[PDB]
Amino acid sequence: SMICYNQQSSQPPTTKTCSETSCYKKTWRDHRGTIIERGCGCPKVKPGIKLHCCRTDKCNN
Amino acid sequence: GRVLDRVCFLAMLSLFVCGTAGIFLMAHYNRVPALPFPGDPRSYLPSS
Amino acid sequence: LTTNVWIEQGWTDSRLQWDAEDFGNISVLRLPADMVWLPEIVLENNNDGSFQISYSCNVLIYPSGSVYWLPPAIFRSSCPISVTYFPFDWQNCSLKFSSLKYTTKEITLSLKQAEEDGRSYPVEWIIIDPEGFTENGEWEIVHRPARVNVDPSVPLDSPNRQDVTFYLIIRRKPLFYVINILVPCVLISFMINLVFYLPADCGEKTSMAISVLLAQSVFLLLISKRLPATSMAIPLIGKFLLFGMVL
Amino acid sequence: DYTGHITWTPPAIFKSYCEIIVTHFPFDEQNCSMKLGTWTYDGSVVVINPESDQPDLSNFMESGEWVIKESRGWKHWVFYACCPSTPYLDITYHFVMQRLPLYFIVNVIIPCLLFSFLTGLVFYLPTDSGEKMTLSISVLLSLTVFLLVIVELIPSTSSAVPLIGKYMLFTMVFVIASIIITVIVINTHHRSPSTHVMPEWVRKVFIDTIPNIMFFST
Amino acid sequence: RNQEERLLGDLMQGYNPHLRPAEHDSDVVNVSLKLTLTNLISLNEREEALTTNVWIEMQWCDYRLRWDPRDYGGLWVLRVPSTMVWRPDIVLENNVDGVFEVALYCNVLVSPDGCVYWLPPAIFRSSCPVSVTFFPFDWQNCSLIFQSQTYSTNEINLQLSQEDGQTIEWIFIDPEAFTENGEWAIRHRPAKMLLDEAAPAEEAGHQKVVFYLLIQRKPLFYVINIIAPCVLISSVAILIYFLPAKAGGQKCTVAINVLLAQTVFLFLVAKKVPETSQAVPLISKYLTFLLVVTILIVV
Amino acid sequence: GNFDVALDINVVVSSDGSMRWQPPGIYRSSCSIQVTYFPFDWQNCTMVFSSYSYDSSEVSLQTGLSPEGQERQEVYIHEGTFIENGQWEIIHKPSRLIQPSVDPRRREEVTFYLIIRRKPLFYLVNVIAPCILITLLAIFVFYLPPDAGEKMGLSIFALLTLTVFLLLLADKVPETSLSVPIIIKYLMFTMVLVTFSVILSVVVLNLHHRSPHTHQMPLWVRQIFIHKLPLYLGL
Ligand SMILES: *[C@@H]1O[C@H](CO)[C@@H](O[C@@H]2O[C@H](CO)[C@@H](O)[C@H](O)[C@H]2NC(C)=O)[C@H](O)[C@H]1NC(C)=O
Ligand SMILES: *[C@@H]1O[C@H](CO)[C@@H](O)[C@H](O)[C@H]1NC(C)=O
């Protein structure tokens with residue numbers, strides 16, 4: 001198991017549990033502002049997107 | 001006629017290959033410039 | 001049929017009259033068309049839904065109460081095509097003008113009355129300025145009549161009872177089709193007689209004949225895109241191509 | 001309604017951008033979406049809710065080219081780093097469509113199959129007939145003229161090579177290989193006895209090690 | 001809504017939307033401009049028209065729309081129809097179809113400091129002169145020129161938008177939401193603000209904001225469907241040198257039928273090449289070369 | 001997407017309150033095409049008119065009575081000024097009042113139907129007759145001697161002409177996939193016929209040019225094709 005953060009942007013922190021060995025933080029800017037997506041796994045990000053994949057509990061934030 | 005054919009085969013094959021290679025390499029080397037504006041060193045992308 | 005036509009409408013409005021001596025001898029006034037009553041003449045013959053004139057210009061009013069209005073318009077109307085003698089065909093198109101807002105009881109349509117040497121005559125034709133007119137690239141104009149038609153079949157309270165129709169009888173100039181399609185087609189088709197002179201040992205007869213057939217098929221491919229697929233008649237070039245392919 | 005309830009059901013023609021995958025065309029499957037949201041209102045002043053999880057398909061006219069396998073509508077909340085209190089809402093309705101391939105099967109694949117079958121038949125034509133390359137080059141001509149039909153019929157996209165494009169290129173390469181090998185066969189057939197001496201390896205391979213049907217006379 | 005309606009009524013008292021906001025004389029209304037491209041719809045080469053879907057972000061400030069939130073129950077934002085406020089009449093100057101203006105006139109967002117935010121979407125068909133020399137392996141430099149239709153540089157100062165400390169000198173593209181065009185890839189996307197120093201200051205359209213799109217064509221369709229089949233069919237003609245030079249060898253049949261196939265290919269490409277005349281396209285040059293080679297083979 | 005009438009005109013209002021409005025309209029309406037028998041097909045096209053907003057409890061629809069009256073159920077066509085479409089003949093033109101199903105807890109409409117038959121002369125001249133001629137030529141390749149050396153040319157150029165006619169037809173046929181038009185079935189049948197003519201011509205040319213010193217005769221071939229079958233085939 002692995003305990004990973006999953007909240008959006010600067011929301012109150014919330015947490016989930018999954019089976020993958022890595023948590024991911026995904027940052028990208030849209031026309032309104034900056035979006036941060038947190039979860040588990042290491043997704044294949046399209047270019048122009050910052051990705052932080054880390055392999056320790058509660059490492060997204 | 002046979003020896004004339006053998007000479008002109010090589011001649012025409014050389015012509016065909018040379019023209020094909022010239023056209024294809026002019027296609028291959030037509031790339032977008034590395035910078036949007038010539039003479040300007042900036043790249044005009046959002047820094048990260 | 002697509003036309004650029006300036007429609008001239010004249011009518012007396014007894015409310016829009018004045019004596020020129022009480023207004024500084026003013027003898028003409030230009031007003032927006034949205035300020036006055038209009039008969040609302042439209043092209044009933046349109047096939048694209050554009051009933052109305054294009055540019056709603058000013059009306060000219062005069063002390064007598066007469067109202068003159070010359071709106072220009074671009075009109076797309078339905079002209080049925082007779083393909084029987086193509087490309088040596090002539091077509092009969094019409095522009096049918098009437099009011100869908102008013103009936104024969106409300107307005108009465110008539111042709112313009114012009115004057116020569118103090119004698120009046122109805123203008124029974126489409127006006128074309130001879131100096132400024134540029135002929136169409138493929139269509140020559142042969143007749144330009146104009147009529148007022150009142151049919152008794154429809155009821156009297158129908159706005160379609162009265163109309164003014166301007167007709168264009170136009171002949172195609174066949175030069176493009178003669179040069180580019182017809183002459184090559186005929187000359188290739190008449191080469192089918194040459195296989196009778198070809199010997200049977202060195203002259204490949206069937207290859208030549210089937211190649212003439214192939215060229216005829218290519219000419220059918222060319223023709224098929226340029227005419228409607230109607231069933232009133234077979235085109236004349238189509239008749240020749242079918243005859244040549246059978247031969 | 002007298003309670004202030006408003007129902008408003010306007011129509012629209014929606015022209016929506018959708019990523020089209022042409023890889024498996026004409027057996028391709030598309031997933032195309034419609035993202036709808038309040039343009040100038042965020043989620044704190046206007047809340048949009050889906051009426052149901054599914055788009056309403058009760059009045060859907062059946063299509064002659066596409067079958068909708070599944071459809072759904074998802075509401076999305078978007079929060080930004082600068083403003084942690086104001087959400088931005090949208091509802092995305094998506095439809096998964098499958099192309100009906102009969103038109104392209106009949107009008108493209110079948111003539112390509114017919115031209116492909118006639119490609120190898122030049123190898124049953126004897127060389128003494130003098131009609132081998134007539135057959136081969138004229139099949140090539142038929143393929144080249146049918147290229148016009150295919151280009152007129154298929155969409156012209158450069159995102160990926162479709163299956164029809166791959167089959168067309170395979171058929172063309174098949175014909176060209178048949179032409180090359182037929183030229184080799186015709187050259188072998190017309191080899192003069194005097195100018196071209198027979199190699200021993202050729203005689204060994206093609207005349208001596210021939211355990212194939214003996215209907216032939218070595 | 002009572003506070004919102006109160007604020008709107010107090011704000012719209014004596015407000016003329018057709019008069020430029022200036023509190024003192026010789027004031028220049030600063031207008032910041034940003035362009036987001038959501039999808040490159042197409043580039044029609046025969047009309048030389050780039051069709052694009054854009055969202056234009058315009059920010060200016062109007063002293064007449066100022067208010068204090070504490071006087072209106074803490075109201076900190078107001079959505080107003082864009083027709084009721086004064087607008088900088090920003091238009092795409094280089095349009096090819098006659099559409100100068102935005103597609104939808106949405107609401108503006110007025111803030112208590114009087115600063116107005118407007119994000120209208122637009123469909124734009126802009127003029128792109130196509131350089132045809134290397135077609136279909138070409139790249140194009142399309143332009144989107146935005147300027148005020150009516151106001152001059154002494155009236156509005158049209159500049160590029162500033163985010164936190166950095167000027168946005170590029171077309172903005174959403175990394176997540178962008179679907180790439182099926183025939184064009186965007187390599188560079190800069191933005192510039194041009195003001196000719198010797199231009200008349202009283203004339204309207206001299207300060208321009210120009211967004212450039214340098215786009216490379218993906219030539220895979222032409223490679224698959226035109227170029228490679230033509231290369232193969234032309235290379236068939238080289239094989240006639242191995243056929244015998246007698247009756248039944250069929251040299252002339254093969255060569256001339258290859259030429260017939262090349263003429264069919266001329267018809268195929270005739271419906272796809274641009275019709276300008278500064279340069280001969282690369283594909284046209286190659287097809288002419290292949291034709292001439294087949295002619296020489298027949299000779 | 002166009003719902004409205006073409007032109008804004010007057011409404012005739014009688015003193016008793018009767019309201020007569022006869023607007024013009026140009027309407028592009030959805031017609032699901034049955035492609036199976038194209039271009040010898042007939043189509044059942046439909047025009048559904050209804051109140052967009054008001055329901056049956058507010059606006060009740062009925063079929064428009066003509067000047068004939070007598071509870072008409074027909075589209076009216078004035079026979080003098082109506083020029084028939086050159087491609088289509090109107091067989092039936094009825095009108096009906098469709099009522100919706102009963103709600104346990106669609107709106108009422110007036111529907112005008114046009115059953116129209118295509119007039120196929122163009123396709124008979126341009127597609128069918130050349131196909132018949134090409135098939136007739138494909139028959140006669142078997143009467144060509146093998147020694148003339150012109151079988152492959154004739155057969156494949158017939159196939160090439162068929163491909164040209166496929167190019168001709170590609171611009172005209174419907175693009176749906178619920179069925180195959182009968183004209184496309186005929187075209188593919190003719191293409192398969194010409195392909196089989198090519199195949200059998202290749203077999204005949206193979207038999208004619210079999211090397212005598214290499215290929216020996218199976219005795220069953222000699223029994224059938226030299227002794228038995230010739231007196232059945234009149235050779
Ligand atoms: C309007 O825009 C101009 C720039 O185009 C601003 O000018 C500069 O602003 C910086 C930062 O405030 C100052 O340090 C410079 O001194 C300014 N230069 C000039 C030309 O004065 C200007 O401040 C903007 N005006 C408003 C009201 O925001
Ligand atoms: C107009 O012209 C007439 C000519 O007789 C003249 O008497 C009159 O004074 C002029 N002015 C006005 C205002 O009528």
# chains A, B, ... in the order shown; residues from 1 in each chain; ligands from 1

$ select_by_dssp --residues "chain B" --states "helix (DSSP H, G or I)" --output "ChimeraX atom specification"
/B:2-28

$ select_by_dssp --residues "stretch 46-168 of chain C" --states "strand (DSSP E or B)" --output "count of residues only"
52

$ residues_around --residues "stretch 54-59 of chain F" --least-positions-apart "6" --cutoff "10 Å" --atoms "only C-alpha atoms" --output "list in words"
residues 99, 100, 106, 107, 108 and 109 of chain F

$ write_last_selection --atoms "N, CA and C atoms" --output "PDB file, in the first residue's frame"
ATOM      1  N   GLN F  99     -50.455  12.662 -32.964  1.00  0.00           N
ATOM      2  CA  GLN F  99     -50.674  12.963 -31.557  1.00  0.00           C
ATOM      3  C   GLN F  99     -49.667  12.202 -30.699  1.00  0.00           C
ATOM      4  N   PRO F 100     -49.146  12.751 -29.603  1.00  0.00           N
ATOM      5  CA  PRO F 100     -48.143  12.021 -28.823  1.00  0.00           C
ATOM      6  C   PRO F 100     -48.789  10.964 -27.936  1.00  0.00           C
ATOM      7  N   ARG F 106     -42.535  14.072 -26.445  1.00  0.00           N
ATOM      8  CA  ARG F 106     -42.939  14.478 -27.785  1.00  0.00           C
ATOM      9  C   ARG F 106     -44.221  15.309 -27.741  1.00  0.00           C
ATOM     10  N   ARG F 107     -44.364  16.209 -28.719  1.00  0.00           N
ATOM     11  CA  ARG F 107     -45.520  17.134 -28.800  1.00  0.00           C
ATOM     12  C   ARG F 107     -46.364  16.794 -30.019  1.00  0.00           C
ATOM     13  N   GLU F 108     -47.622  17.212 -30.033  1.00  0.00           N
ATOM     14  CA  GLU F 108     -48.520  17.025 -31.164  1.00  0.00           C
ATOM     15  C   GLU F 108     -47.998  17.812 -32.361  1.00  0.00           C
ATOM     16  N   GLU F 109     -48.082  17.206 -33.544  1.00  0.00           N
ATOM     17  CA  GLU F 109     -47.479  17.776 -34.741  1.00  0.00           C
ATOM     18  C   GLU F 109     -48.367  17.510 -35.948  1.00  0.00           C
TER      19      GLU F 109
END

$ interface_residues --of "chain B" --to "chain E" --cutoff "9 Å" --atoms "only C-alpha atoms" --output "mmCIF file with N, CA and C atoms, in the first residue's frame"
data_model
loop_
_atom_site.group_PDB
_atom_site.id
_atom_site.type_symbol
_atom_site.label_atom_id
_atom_site.label_comp_id
_atom_site.auth_asym_id
_atom_site.auth_seq_id
_atom_site.Cartn_x
_atom_site.Cartn_y
_atom_site.Cartn_z
ATOM 1 N N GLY B 1 22.753 -3.120 -80.141
ATOM 2 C CA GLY B 1 21.681 -2.550 -79.341
ATOM 3 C C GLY B 1 21.774 -2.940 -77.878
ATOM 4 N N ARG B 2 22.239 -4.159 -77.605
ATOM 5 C CA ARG B 2 22.348 -4.626 -76.223
ATOM 6 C C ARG B 2 23.374 -3.814 -75.436
ATOM 7 N N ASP B 5 22.021 -0.422 -74.726
ATOM 8 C CA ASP B 5 21.095 -0.487 -73.599
ATOM 9 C C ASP B 5 21.837 -0.505 -72.273
ATOM 10 N N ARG B 6 22.905 -1.300 -72.178
ATOM 11 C CA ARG B 6 23.589 -1.400 -70.890
ATOM 12 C C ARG B 6 24.259 -0.088 -70.498
ATOM 13 N N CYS B 8 23.220 3.031 -71.461
ATOM 14 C CA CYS B 8 22.210 4.032 -71.160
ATOM 15 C C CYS B 8 21.397 3.686 -69.921
ATOM 16 N N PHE B 9 21.367 2.414 -69.516
ATOM 17 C CA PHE B 9 20.737 2.059 -68.249
ATOM 18 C C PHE B 9 21.445 2.728 -67.083
ATOM 19 N N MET B 12 20.823 6.577 -67.182
ATOM 20 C CA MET B 12 19.499 6.985 -66.730
ATOM 21 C C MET B 12 19.296 6.711 -65.245
ATOM 22 N N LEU B 13 19.845 5.608 -64.730
ATOM 23 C CA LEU B 13 19.732 5.337 -63.302
ATOM 24 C C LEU B 13 20.462 6.395 -62.490
ATOM 25 N N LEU B 15 20.922 9.514 -63.415
ATOM 26 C CA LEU B 15 20.092 10.717 -63.476
ATOM 27 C C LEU B 15 18.920 10.627 -62.501
ATOM 28 N N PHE B 16 18.218 9.491 -62.506
ATOM 29 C CA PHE B 16 17.053 9.319 -61.644
ATOM 30 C C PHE B 16 17.439 9.421 -60.175
ATOM 31 N N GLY B 19 18.557 13.147 -59.229
ATOM 32 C CA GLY B 19 17.432 14.058 -59.084
ATOM 33 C C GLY B 19 16.575 13.739 -57.874
ATOM 34 N N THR B 20 16.307 12.449 -57.642
ATOM 35 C CA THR B 20 15.534 12.049 -56.474
ATOM 36 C C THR B 20 16.222 12.469 -55.183
ATOM 37 N N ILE B 23 16.051 16.374 -54.713
ATOM 38 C CA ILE B 23 14.737 16.838 -54.272
ATOM 39 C C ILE B 23 14.480 16.422 -52.828
ATOM 40 N N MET B 26 16.605 18.561 -50.391
ATOM 41 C CA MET B 26 16.009 19.886 -50.240
ATOM 42 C C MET B 26 14.740 19.836 -49.400
ATOM 43 N N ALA B 27 13.967 18.752 -49.495
ATOM 44 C CA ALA B 27 12.848 18.577 -48.572
ATOM 45 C C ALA B 27 13.340 18.394 -47.141
ATOM 46 N N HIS B 28 14.386 17.588 -46.961
ATOM 47 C CA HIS B 28 14.843 17.207 -45.630
ATOM 48 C C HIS B 28 15.450 18.381 -44.874
ATOM 49 N N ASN B 30 14.732 21.601 -45.165
ATOM 50 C CA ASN B 30 13.819 22.722 -44.933
ATOM 51 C C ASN B 30 13.175 22.551 -43.564
ATOM 52 N N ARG B 31 13.864 23.038 -42.536
ATOM 53 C CA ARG B 31 13.398 22.991 -41.159
ATOM 54 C C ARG B 31 13.059 24.393 -40.676
ATOM 55 N N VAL B 32 12.181 24.453 -39.678
ATOM 56 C CA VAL B 32 11.871 25.750 -39.069
ATOM 57 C C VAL B 32 13.125 26.268 -38.370
ATOM 58 N N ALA B 34 15.626 27.703 -35.518
ATOM 59 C CA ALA B 34 15.633 27.427 -34.087
ATOM 60 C C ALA B 34 15.072 28.579 -33.263
ATOM 61 N N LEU B 35 15.137 29.814 -33.773
ATOM 62 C CA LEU B 35 14.639 30.998 -33.087
ATOM 63 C C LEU B 35 13.524 31.650 -33.902
ATOM 64 N N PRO B 36 12.479 32.195 -33.261
ATOM 65 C CA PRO B 36 11.376 32.771 -34.049
ATOM 66 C C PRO B 36 11.779 33.953 -34.913
ATOM 67 N N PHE B 37 12.712 34.784 -34.451
ATOM 68 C CA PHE B 37 13.090 36.022 -35.123
ATOM 69 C C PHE B 37 14.576 35.967 -35.464
ATOM 70 N N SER B 43 13.883 33.348 -27.268
ATOM 71 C CA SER B 43 13.086 32.205 -27.688
ATOM 72 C C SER B 43 11.587 32.377 -27.471
ATOM 73 N N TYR B 44 11.172 33.305 -26.607
ATOM 74 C CA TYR B 44 9.764 33.686 -26.454
ATOM 75 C C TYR B 44 8.888 32.513 -26.009
ATOM 76 N N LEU B 45 9.409 31.678 -25.088
ATOM 77 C CA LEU B 45 8.604 30.671 -24.402
ATOM 78 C C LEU B 45 8.455 31.030 -22.924
ATOM 79 N N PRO B 46 7.404 30.560 -22.246
ATOM 80 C CA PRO B 46 7.305 30.809 -20.799
ATOM 81 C C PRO B 46 8.416 30.088 -20.053
#

$ interface_residues --of "chain A" --to "chain E" --cutoff "9 Å" --atoms "only C-alpha atoms" --output "ChimeraX atom specification"
/A:28-31,45-49

$ write_last_selection --atoms "N, CA, C and O atoms" --output "PDB file, in the first residue's frame"
ATOM      1  N   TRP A  28       0.403  22.526 -14.096  1.00  0.00           N
ATOM      2  CA  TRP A  28       0.325  23.167 -15.402  1.00  0.00           C
ATOM      3  C   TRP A  28      -0.537  24.415 -15.296  1.00  0.00           C
ATOM      4  O   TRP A  28      -1.420  24.505 -14.444  1.00  0.00           O
ATOM      5  N   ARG A  29      -0.283  25.370 -16.187  1.00  0.00           N
ATOM      6  CA  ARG A  29      -0.987  26.646 -16.203  1.00  0.00           C
ATOM      7  C   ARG A  29      -1.978  26.657 -17.360  1.00  0.00           C
ATOM      8  O   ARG A  29      -1.604  26.361 -18.499  1.00  0.00           O
ATOM      9  N   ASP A  30      -3.239  26.973 -17.062  1.00  0.00           N
ATOM     10  CA  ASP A  30      -4.267  27.203 -18.066  1.00  0.00           C
ATOM     11  C   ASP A  30      -4.515  28.707 -18.215  1.00  0.00           C
ATOM     12  O   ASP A  30      -3.781  29.537 -17.672  1.00  0.00           O
ATOM     13  N   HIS A  31      -5.555  29.066 -18.971  1.00  0.00           N
ATOM     14  CA  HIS A  31      -5.791  30.476 -19.270  1.00  0.00           C
ATOM     15  C   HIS A  31      -6.213  31.267 -18.036  1.00  0.00           C
ATOM     16  O   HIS A  31      -5.988  32.481 -17.983  1.00  0.00           O
ATOM     17  N   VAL A  45       2.973  12.453 -18.760  1.00  0.00           N
ATOM     18  CA  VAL A  45       2.518  13.829 -18.930  1.00  0.00           C
ATOM     19  C   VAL A  45       2.890  14.329 -20.317  1.00  0.00           C
ATOM     20  O   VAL A  45       3.956  14.005 -20.853  1.00  0.00           O
ATOM     21  N   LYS A  46       2.004  15.132 -20.896  1.00  0.00           N
ATOM     22  CA  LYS A  46       2.270  15.750 -22.178  1.00  0.00           C
ATOM     23  C   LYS A  46       3.244  16.913 -21.979  1.00  0.00           C
ATOM     24  O   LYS A  46       3.361  17.445 -20.873  1.00  0.00           O
ATOM     25  N   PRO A  47       3.971  17.317 -23.025  1.00  0.00           N
ATOM     26  CA  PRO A  47       4.995  18.352 -22.836  1.00  0.00           C
ATOM     27  C   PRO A  47       4.394  19.690 -22.434  1.00  0.00           C
ATOM     28  O   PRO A  47       3.263  20.026 -22.792  1.00  0.00           O
ATOM     29  N   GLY A  48       5.176  20.455 -21.679  1.00  0.00           N
ATOM     30  CA  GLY A  48       4.714  21.691 -21.086  1.00  0.00           C
ATOM     31  C   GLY A  48       4.105  21.547 -19.712  1.00  0.00           C
ATOM     32  O   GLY A  48       3.493  22.504 -19.223  1.00  0.00           O
ATOM     33  N   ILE A  49       4.253  20.386 -19.075  1.00  0.00           N
ATOM     34  CA  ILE A  49       3.641  20.078 -17.788  1.00  0.00           C
ATOM     35  C   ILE A  49       4.747  19.633 -16.845  1.00  0.00           C
ATOM     36  O   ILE A  49       5.563  18.776 -17.203  1.00  0.00           O
TER      37      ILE A  49
END

$ interface_residues --of "chain C" --to "chain E" --cutoff "12 Å" --atoms "only C-alpha atoms" --output "list in words"
residues 201, 202, 207 and 218 of chain C

$ residues_near_ligand --ligand "ligand 1" --cutoff "10 Å" --atoms "only C-alpha atoms and all ligand atoms" --output "ChimeraX atom specification"
/E:27-32,60-61,156-160

$ atom_distance --atom1 "atom CA of residue C:138" --atom2 "atom CA of residue C:181"
15.3 Å

$ residues_near_ligand --ligand "ligand 2" --cutoff "7 Å" --atoms "only C-alpha atoms and all ligand atoms" --output "ChimeraX atom specification"
/C:20-25

$ closest_residue --among "D:199, D:120, D:130, D:4" --to "chain F" --atoms "only C-alpha atoms"
D:130

$ closest_atom_pairs --of "chain A" --to "chain D" --cutoff "8 Å" --atoms "only C-alpha atoms" --output "CSV"
residue,atom,partner,partner_atom,distance
A:8,CA,D:79,CA,6.3
A:9,CA,D:81,CA,4.8
A:10,CA,D:81,CA,5.1
A:11,CA,D:84,CA,5.7
A:33,CA,D:80,CA,6.1
A:34,CA,D:80,CA,5.7
A:35,CA,D:80,CA,5.3
A:36,CA,D:81,CA,7.3

$ write_last_selection --atoms "N, CA, C and O atoms" --output "compact mmCIF listing (two decimals), in the first residue's frame"
# COMPACT_ATOMS: atom_id res chain seq x y z
N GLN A 8 -6.60 19.07 -4.92
CA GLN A 8 -6.35 19.98 -6.03
C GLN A 8 -5.79 21.31 -5.52
O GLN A 8 -6.30 21.87 -4.55
N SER A 9 -4.76 21.80 -6.21
CA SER A 9 -4.21 23.15 -6.03
C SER A 9 -3.91 23.46 -4.56
O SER A 9 -3.11 22.75 -3.94
N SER A 10 -4.52 24.50 -3.98
CA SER A 10 -4.26 24.93 -2.61
C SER A 10 -5.47 24.66 -1.72
O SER A 10 -5.79 25.44 -0.82
N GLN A 11 -6.16 23.56 -1.97
CA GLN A 11 -7.31 23.18 -1.17
C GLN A 11 -6.84 22.60 0.16
O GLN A 11 -5.65 22.35 0.35
N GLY A 33 -5.41 30.24 -14.55
CA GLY A 33 -4.34 30.20 -13.56
C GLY A 33 -3.58 28.89 -13.52
O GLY A 33 -3.52 28.17 -14.52
N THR A 34 -3.00 28.59 -12.37
CA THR A 34 -2.17 27.40 -12.18
C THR A 34 -3.01 26.30 -11.53
O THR A 34 -3.74 26.55 -10.57
N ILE A 35 -2.90 25.09 -12.08
CA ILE A 35 -3.59 23.90 -11.59
C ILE A 35 -2.53 22.91 -11.12
O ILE A 35 -1.56 22.66 -11.84
N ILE A 36 -2.73 22.36 -9.93
CA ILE A 36 -1.92 21.26 -9.41
C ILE A 36 -2.85 20.09 -9.15
O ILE A 36 -3.85 20.22 -8.43

$ interface_residues --of "chain F" --to "chain E" --cutoff "12 Å" --atoms "only C-alpha atoms" --output "PyMOL selection string"
chain F and resi 149-150+153+157+160+164

$ write_last_selection --atoms "C-alpha atoms" --output "PDB file, in the first residue's frame"
ATOM      1  CA  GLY F 149      -1.863 -11.792 -78.828  1.00  0.00           C
ATOM      2  CA  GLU F 150      -4.562  -9.286 -77.821  1.00  0.00           C
ATOM      3  CA  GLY F 153      -5.046  -5.894 -73.605  1.00  0.00           C
ATOM      4  CA  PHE F 157      -8.600  -2.124 -70.745  1.00  0.00           C
ATOM      5  CA  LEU F 160      -9.705   0.148 -66.765  1.00  0.00           C
ATOM      6  CA  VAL F 164     -13.132   5.131 -64.935  1.00  0.00           C
TER       7      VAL F 164
END

$ residues_around --residues "residue E:278" --least-positions-apart "6" --cutoff "12 Å" --atoms "only C-alpha atoms" --output "number ranges by chain"
E: 129-133

$ write_last_selection --atoms "N, CA and C atoms" --output "PDB file, in the first residue's frame"
ATOM      1  N   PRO E 129       0.108  34.694 -46.195  1.00  0.00           N
ATOM      2  CA  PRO E 129       0.746  34.404 -47.489  1.00  0.00           C
ATOM      3  C   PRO E 129       1.559  33.120 -47.444  1.00  0.00           C
ATOM      4  N   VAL E 130       1.173  32.141 -48.256  1.00  0.00           N
ATOM      5  CA  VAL E 130       1.793  30.822 -48.221  1.00  0.00           C
ATOM      6  C   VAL E 130       3.041  30.832 -49.095  1.00  0.00           C
ATOM      7  N   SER E 131       4.188  30.528 -48.492  1.00  0.00           N
ATOM      8  CA  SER E 131       5.409  30.277 -49.247  1.00  0.00           C
ATOM      9  C   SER E 131       5.378  28.837 -49.739  1.00  0.00           C
ATOM     10  N   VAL E 132       5.396  28.657 -51.058  1.00  0.00           N
ATOM     11  CA  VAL E 132       5.058  27.382 -51.680  1.00  0.00           C
ATOM     12  C   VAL E 132       6.281  26.619 -52.163  1.00  0.00           C
ATOM     13  N   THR E 133       7.494  27.137 -51.943  1.00  0.00           N
ATOM     14  CA  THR E 133       8.678  26.574 -52.589  1.00  0.00           C
ATOM     15  C   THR E 133       8.916  25.124 -52.181  1.00  0.00           C
TER      16      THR E 133
END

$ interface_residues --of "chain D" --to "chain B" --cutoff "12 Å" --atoms "only C-alpha atoms" --output "PyMOL selection string"
chain D and resi 191-192+195

$ residues_around --residues "stretch 52-68 of chain C" --least-positions-apart "6" --cutoff "9 Å" --atoms "only C-alpha atoms" --output "JSON, numbers by chain"
{"C": [6, 7, 8, 9, 10, 11, 12, 13, 14, 15, 16, 17, 18, 19, 20, 26, 27, 28, 29, 30, 31, 32, 33, 34, 36, 40, 41, 42, 43, 74, 75], "F": [7]}

$ write_last_selection --atoms "C-alpha atoms" --output "tab-separated table (two decimals), in the first residue's frame"
chain	number	residue	atom	x	y	z
C	6	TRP	CA	-32.02	47.53	-59.98
C	7	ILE	CA	-35.80	47.54	-59.52
C	8	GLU	CA	-37.51	50.91	-60.03
C	9	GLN	CA	-40.76	51.39	-58.09
C	10	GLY	CA	-43.03	54.40	-58.48
C	11	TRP	CA	-46.22	55.31	-56.63
C	12	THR	CA	-48.16	58.37	-55.49
C	13	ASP	CA	-48.43	58.97	-51.73
C	14	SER	CA	-50.92	61.80	-51.19
C	15	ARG	CA	-49.78	62.34	-47.59
C	16	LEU	CA	-46.19	63.12	-48.65
C	17	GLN	CA	-46.96	66.26	-50.67
C	18	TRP	CA	-46.25	69.95	-50.17
C	19	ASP	CA	-46.36	73.23	-52.04
C	20	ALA	CA	-42.79	74.23	-52.86
C	26	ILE	CA	-37.70	72.82	-52.44
C	27	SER	CA	-38.62	70.38	-55.22
C	28	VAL	CA	-37.21	67.03	-54.02
C	29	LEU	CA	-36.57	65.25	-50.73
C	30	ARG	CA	-34.53	62.14	-49.92
C	31	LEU	CA	-35.87	60.01	-47.06
C	32	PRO	CA	-34.95	56.61	-45.61
C	33	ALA	CA	-37.12	53.79	-46.92
C	34	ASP	CA	-37.95	52.82	-43.32
C	36	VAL	CA	-42.40	55.73	-45.62
C	40	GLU	CA	-42.90	45.58	-50.36
C	41	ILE	CA	-42.23	44.16	-53.81
C	42	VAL	CA	-40.27	40.90	-53.61
C	43	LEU	CA	-38.97	38.29	-56.02
C	74	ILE	CA	-28.81	40.49	-56.06
C	75	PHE	CA	-31.25	37.66	-56.76
F	7	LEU	CA	-40.13	36.29	-44.88
